[PDB]
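Trainee: Position 160, counted from 1, in the sequence shown is what the authors' numbering calls 160; the numbers after and before it change by one each time, with no gaps. I am attaching a structure below and will ask some questions about it afterwards.
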Amino acid sequence: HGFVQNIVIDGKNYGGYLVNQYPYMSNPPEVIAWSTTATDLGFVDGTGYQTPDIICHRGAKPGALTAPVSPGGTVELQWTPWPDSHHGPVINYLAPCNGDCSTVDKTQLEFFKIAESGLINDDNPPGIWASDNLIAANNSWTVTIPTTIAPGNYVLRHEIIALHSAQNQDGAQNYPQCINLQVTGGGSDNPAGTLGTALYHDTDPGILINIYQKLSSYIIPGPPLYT
Ligand SMILES: *[C@@H]1O[C@H](CO)[C@@H](O)[C@H](O)[C@H]1NC(C)=O
Ligand SMILES: [Cu+2]
C-alpha cells in the first residue's frame, strides 16, 4: 500500500494527490496529479483491469495543473515508503491529451510504454525487483521523457504492481498514479497506443505468477516498450 506524495521536475516540487488528506477536505488544492477515491492506499486487482479504475486508479479524475518538462528531462516520483513484501515491476506510459489534460476523457487515452523494469535478480527467491530498486532509491523513481515523441500535453501513468499475492487469480495489485506533463523539444513520433482497459489481463504471465519459487524469466506485463 502507498501512493506518490510528490513530483520533482527541473528543481521544484509539484505536490502530489495526497489521497489520505485531500478526499477529507472538499476544497482541496489544484495539483498536476489526478485525484483518486483510493483512500485505503490500496490497488486495482485483476477484477478491475477492464474497468475505468485501471486507467489512473479508482474513481480517478484529471489533475487541474500541468508541469512542463525540459526536452529529455527527468520526472522524479516520490512514494510513501514501499513495503519490501510488495515485490514487482515498475512500469511507465504516456498518453497524449491532444489539448488540456485537465478536461480529457480518461476512457479514451491510448498509452505507449516509455520504460519498464521487472525482476532484477533471483539469487534469493522471491528476488530483487524494480520495486526493491525503488525502495533502495529512498522510495523515488526517475522517468526520462523521450526526445523522439511529438511534444504537447500527456498523462504520465506511473505504476508499481505488487506480486506477493499474485499466485491466485486476481491476486496481483496494480498501483497506477497519473500526472499531467507538457512535453517539449523537437520530436515527431506518435507511438501506437493501448487503451487503459487493454493494458493487462488477469492471466498475463507476469500477473498470474508465484514469485516465491525460482524464476528463469519474468514477462513484464502490458504492451511493448516504445523506442
Ligand atoms: C535514505 O535516506 C535516509 C536518510 O534520510 C538513510 O538513513 C537511508 O538509509 C537512505 N537510503 C537507503 C537506500 O536506505
Ligand atoms: Cu499493500
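All residues carry an ideal CB built from backbone N, CA and C; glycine is no exception.
(1) The alpha helix (DSSP H) that contains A130, what's its start and end?
(2) Compare the Cα-Cα distances from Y212 to each of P191, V155 and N124 and report the closest residue.
(3) Can you tell me which residues fall inside 6 angstroms of ligand 1, judged by beta-carbon distance to its nearest heavy atom, and keep chain order?
(4) When we look at the beta-carbon of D132 and count the other beta-carbons within 10 Å, is it buried (16 or more) or exposed?
(5) Could you give the residue range of the alpha helix (DSSP H) that holds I54?
(6) CA-CA distance, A33 and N210?
(7) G46: buried (16+ other C-beta within 10 angstroms of its C-beta) or exposed?
(8) In terms of alpha-carbon separation, which member of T51, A166 and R58 lies closest to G42?
(9) Short of 6 angstroms in beta carbon distance, which residues of its chain neighbour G185, apart from the five on each side in sequence? Order them along the chain.
(10) Do you know whose CA, among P191, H201 and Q177, lies nearest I91's CA?
(11) Are the beta-carbon atoms of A162 and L208 separated by less than 8 angstroms?
(12) Tell me which residue opens and which closes the beta strand (DSSP E) that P68 is part of.
Mentor: According to the data block:
(1) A130 to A136
(2) For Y212, the closest alpha carbon among the candidates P191, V155 and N124 is that of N124.
(3) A136 and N138
(4) buried
(5) Bounds of the alpha helix (DSSP H) holding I54 are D53 to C56.
(6) CA-CA distance, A33 to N210, rounds to 33 angstroms.
(7) buried
(8) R58
(9) These residues qualify, in order along the chain: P71, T147 and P151.
(10) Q177
(11) No, Cβ-Cβ distance for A162 and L208 is not below 8 angstroms.
(12) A67 to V69
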